[PDB]
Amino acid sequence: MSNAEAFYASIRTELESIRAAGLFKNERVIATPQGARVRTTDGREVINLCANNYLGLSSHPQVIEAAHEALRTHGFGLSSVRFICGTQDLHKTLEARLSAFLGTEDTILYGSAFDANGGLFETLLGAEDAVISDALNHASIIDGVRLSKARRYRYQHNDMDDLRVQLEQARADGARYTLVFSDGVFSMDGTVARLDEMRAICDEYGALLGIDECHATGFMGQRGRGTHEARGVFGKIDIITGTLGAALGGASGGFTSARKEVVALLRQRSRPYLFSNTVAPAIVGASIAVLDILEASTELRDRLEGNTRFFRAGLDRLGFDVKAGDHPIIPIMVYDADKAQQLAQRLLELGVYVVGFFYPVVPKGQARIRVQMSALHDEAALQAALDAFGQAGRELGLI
């Protein structure tokens, strides 16, 4: 029995036990563009309440046509990293508009938020330095930190007192520079970081504050600029990392926006920036028009707030443990992974597209459905969906 084939057997044995534990993820094949309603290849058309299409720009006609013109004017692929021959005027234009949009002096584009985080800490920090992370920080942040030589501390989830204990200890352990880093809005539970307390606690110790803004840019704040606008620190952030693939288009790309020494050093030394393809001209192009939309009127994010409150207060009145609020991410815990596959399946049958969240996406035994609001939803969809949740929740024992 060969060594290579025992490996493949090991892998097959692993797959089985993932299925046994109710943890195997099955892909639905959508046959349509992204939007408020969606159709799998099988033919069924369902309400989509689990996309990152927070502002509904993934298939917004003026975003689609801006990408079209980018294809005409600036081509399909650049097949280069930025410093070689992958820099077009659009990249410089969009890095500018984001810096303006976000409150920072420059911005550096990446292929994703995942790679913006991956290349952040290693380039800026060393073994003598520290990174303090909220316990539930996103996997891409944990992997950025793992790739750096910095010392690591976690503070308990959104616990501002534990943030002080770690900052105390890191000072005590002798940290040169400290960077406090956290999801702006957290992926799996929707809660909002307390950037107002943190920027103050960071100011006592001289620490830096960085935030991952994927679940905030475009629709958090009065003018949609970020979680920092929503906590009144706009322009007081050392490091923003974020995506172009959530609210701002949903195609690809990410970014780090920081002072200008940072951005300049990231361009010089950040590994994904040096070593991975530049963003495609269509994406950069359509993102520049995305910023034209959101800077011209706050309506879409306003309709998002409305859709979110209506549906959060609705799931509340049905007995779900969902607080009233304006978090477009609405977590619905079912703990059992199998009971998550069922609830998502049953809600499919009832006309609602959600997907189970289980390990390793969330901790074993803390499985959930993550509802996700859009500006796209009209009230007969939000209503027909509330119906779907009340029934399937009743059948499965959730209310």
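From 1 onward, residues are counted along the sequence shown.
Using only the Cα atoms and their B-factors as the entry lists them, report which of 110-118 and 67-75 averages higher. Going by the record's values, the stretch with the higher mean is 67-75.
Between 141-149 and 156-164, name whichever shows the higher mean Cα B factor according to the PDB entry. Looking at the recorded C-alpha B-factors, 156-164 comes out higher on average.
Largest Cα B-factor, entry values, listed residues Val322, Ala247, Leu136, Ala280: It is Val322.
Highest CA temperature factor in the entry: which of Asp129, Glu299, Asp189, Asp183? Of the candidates given, the C-alpha B-factor peaks at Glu299.
Test of reading the entry: by CA B factor among the chain's modelled residues, which third contains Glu27? Bottom third by C-alpha B-factor.
Within-chain third of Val361 by Cα B-factor, per the entry: Bottom third by C-alpha B-factor.
What third of its chain, lowest, middle or highest, does the C-alpha temperature factor of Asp292 fall into? As the PDB entry reports it, the C-alpha B-factor of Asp292 lands in the middle third of its chain.
Third of chain Cα B-factors occupied by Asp212: It belongs to the lowest third of the chain when residues are ordered by C-alpha B-factor.
Among all modelled residues of this chain, ranked by Cα B factor, put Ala9 in the bottom, middle or top third, i.e. lowest, middle or highest. For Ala9, whose C-alpha B-factor we compare with every modelled residue in the chain, the answer is the middle third.
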